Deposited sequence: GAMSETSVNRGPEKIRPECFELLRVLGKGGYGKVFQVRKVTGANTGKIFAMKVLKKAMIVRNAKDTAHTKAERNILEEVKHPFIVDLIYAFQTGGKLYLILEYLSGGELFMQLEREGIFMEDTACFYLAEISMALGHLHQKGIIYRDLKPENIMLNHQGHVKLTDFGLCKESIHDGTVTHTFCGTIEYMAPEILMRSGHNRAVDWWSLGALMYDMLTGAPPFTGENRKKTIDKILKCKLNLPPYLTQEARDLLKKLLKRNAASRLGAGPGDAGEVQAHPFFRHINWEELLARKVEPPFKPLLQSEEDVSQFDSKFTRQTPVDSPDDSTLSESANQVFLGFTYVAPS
């Protein structure tokens, strides 16, 4: 009765702050009008004025908008609306109440192989679909991996960088960045299987494979590449990681003509029914405690909101 919806900032109620950064804020919000009223979303708010200052920032912002519209997949975060005002860009994504999956590592100290297995497979599906659509993830990290309500993986940062720091690859943690990214010898589709390697390692030992005393030193360690394999590891987890964490790109598992399927065919995934896995029919090893703000804080509080970009405006179907 009266139109379709023109989604506006005033359709949402600002409930908590989930993330602050140089380029904008992530809020937790409730839709209060029309359509799903009462449903909870995450609302990423970006500052137009500062993005258009820099072309590399304009790219990711536009790409994120693109990818989230065009690349939908069960282990990738859903975009539900997008819209803009003068001076601001808004993105309303699904609210991921499970929180970060490396916070589960804080509590588990470390992840059981069979438990890491589930998370790694789902991750791989996402990465593999991401490739089928010609997208390379660059800087995958444990922060980029989140957990929906029932506790399944969802990939997360496709736009700008959360940092407020800005010192684009050296702003936050580099421990999960392939040598080539550091040697600026490009990237490639096999850069993401490195990152999967680093994540596995962390998932089992609680640390990235090579760390140093400081940046310079870190970068070094990584390039040096000497790999330390805790004893308590089963042969196949050993097997898998050797292959993945390979100095040279060409040589990593997942690099081949068909590659995320081959990664998946590895004996470490022998128990994984991809059919039901992607149907989200396997119960996840972790099911956390809808609005529950618990796993983001305590750091974040105080809710309040501070040419190109044509077609940014968007409503998801379904």
query	finding
Deposited positions without coordinates, collected into consecutive stretches in sequence order	1 to 8, 176 to 179, 302 to 304, 322 to 334
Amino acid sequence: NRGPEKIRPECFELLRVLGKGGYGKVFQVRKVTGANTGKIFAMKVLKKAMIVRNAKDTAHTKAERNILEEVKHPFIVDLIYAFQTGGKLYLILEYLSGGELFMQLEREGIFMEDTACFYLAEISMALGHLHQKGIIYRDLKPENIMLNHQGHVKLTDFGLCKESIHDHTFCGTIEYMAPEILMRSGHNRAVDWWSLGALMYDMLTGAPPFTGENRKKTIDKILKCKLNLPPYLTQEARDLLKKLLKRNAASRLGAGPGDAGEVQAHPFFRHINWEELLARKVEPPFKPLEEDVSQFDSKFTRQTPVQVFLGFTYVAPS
From here on, numbers count along this sequence of modelled residues.
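Basically, rigid core = biggest C-alpha set you can superpose within 1.5 Å across the two forms.
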{"query": "In 7 other deposited structures of this protein, rigid core aligned: more displaced of 33 to 41 and 267 to 275 by C-alpha RMS", "finding": "33 to 41"}
{"query": "Between 237 to 245 and 107 to 115, larger RMS Cα displacement in 7 other deposited structures of this protein after core fit", "finding": "107 to 115"}
{"query": "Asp139: gap in at least one third of other compared structures", "finding": "no"}
{"query": "Other entries modelling both neighbours but not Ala260, at least a third", "finding": "no"}
{"query": "Which of 201 to 209 and 91 to 99 has higher mean CA B factor, as the PDB entry lists it", "finding": "201 to 209"}
{"query": "Residue range whose averaged C-alpha B-factor is higher in the record, 275 to 283 or 37 to 45", "finding": "275 to 283"}
{"query": "Out of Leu196, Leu147, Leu241, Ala126, residue topping the C-alpha B-factor column of the entry", "finding": "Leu241"}
{"query": "Options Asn188, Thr115, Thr156, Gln84 - largest CA temperature factor per the record", "finding": "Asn188"}
{"query": "Cα B factor band for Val32 (lowest, middle or highest third within the chain)", "finding": "lowest"}
{"query": "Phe75 - Cα temperature factor, lowest/middle/highest third of chain", "finding": "lowest"}
{"query": "Chain third (lowest, middle, highest) by recorded CA B-factor, residue given as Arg65", "finding": "lowest"}
{"query": "Relative C-alpha B-factor of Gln264, binned into the chain's lowest, middle or highest third", "finding": "middle"}
{"query": "B-factor third for the C-alpha atom of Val306 within its chain", "finding": "highest"}
